[PDB]
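Take a look at this single chain in structure tokens; it is the form deposited in one PDB entry.
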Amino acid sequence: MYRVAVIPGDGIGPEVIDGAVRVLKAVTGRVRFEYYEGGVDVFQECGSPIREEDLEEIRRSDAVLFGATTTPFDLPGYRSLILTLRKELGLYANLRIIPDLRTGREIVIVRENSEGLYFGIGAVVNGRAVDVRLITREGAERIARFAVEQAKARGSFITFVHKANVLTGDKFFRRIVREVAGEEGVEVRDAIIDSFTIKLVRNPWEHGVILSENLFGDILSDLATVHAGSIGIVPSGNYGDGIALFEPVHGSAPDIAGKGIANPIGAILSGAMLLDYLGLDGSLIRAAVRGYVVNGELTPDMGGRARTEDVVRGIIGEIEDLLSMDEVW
């Protein structure tokens, strides 16, 4: 079997992960799911958002499936569950796919996931505060390789977004991205972070594999979600060398917790990316979602009157259909 660690978190996390897990269970019985707590509650007890013993099991697992965690600004000493898991598990590539569910068109973003302004070197001293945007040869080389694999697989190109005129680290990063994409026969268009925002809202589908430094990726990937029903359908994967973690790009939405109306699509499509990573069949889930969405009642965030459970049940419906065929004939 495959061992998958599951961290539902809080807010709508549990609800959408219930949805995703149930969809996964409907496409394969080859995955054992083990659940773990994490977040503020665990921080309160042990001073970390994930227990050391739980963290050890998690890294021995084959993949991780993650919901959403509330990160409060007013909790001294708290570090993000997801940032913690990203660093602890070596998760250097963050892939976000923003889908137009009708057409199957995709905005594909590769966000470097381990350095940049997230590296963690920061200080206040004598009324001067500082943060160090770090780019390393190792960080840039592997995030570039990863982006070229995505471009190769899609018979596509890379759009490297930066601000090289102002940032030494982006001049560096750009040169390395160009080296490795040369070696591998991939085109690299470049784009400046400010003007690209305009291009991203106006001409969404013409950018291939978008690549960028961590914080720029964080910004651009939220921005790209405007081209989808709601941020509620957008999935992602965080990849490292021996393990990966999958989470919807939405967050806790505590406002709507427990009201039975959260959108499980993003988590479901994330369980899809998880199956791909394991060598199982995520294309099934994707087809199920496309198909349910033609005439299915959608959740309120997408302008519909449907409940979470209705959407889950409906997608499982489409799966059972595709599944009961022999490759589709």
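What we label the rigid core is the largest C-alpha set whose atoms superpose within 1.5 Å from one form to the other. Residue numbers run from 1 along the displayed sequence.
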Higher-B stretch (mean Cα B-factor, as the entry records it), 100-108 or 133-141: 100-108
Entry-level comparison of average CA B-factors, 72-80 and 243-251, reporting the higher stretch: 72-80
Residue with maximal Cα B-factor (values as given in the PDB entry) among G271, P300, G67, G29: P300
Selection by C-alpha B-factor (highest) of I265, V293, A63, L275: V293
B-factor third for the C-alpha atom of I285 within its chain: lowest
For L167, the third of its chain into which the C-alpha B factor falls: lowest
Chain thirds of CA B-factor: placement of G232: middle
Third of the chain, ranked by Cα B-factor, where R128 sits: middle
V186 by Cα B-factor - lowest, middle or highest third of the modelled chain: highest
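Keep in mind the form deposited in another entry is missing from the figure; the text below concerns it.
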Comparing forms between the shown form and the other one after core superposition, the one residue of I135, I98, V249, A244 displaced by 2 Å or more at CA: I135
Core-superposed comparison between the shown form and the other one, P72 Cα displacement 2 Å or beyond: no
Rigid core superposed: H162 CA moves 2 Å or more between the shown form and the other one: yes
Residue shift check between the shown form and the other one, rigid core fit, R174 Cα at least 2 Å: yes
In the other form, shift in Cα separation for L81 relative to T136, 3 Å or more: farther
CA-CA separation of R86 and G122, closer or farther in the other form than in the form shown [shift of 3 angstroms or more]: farther
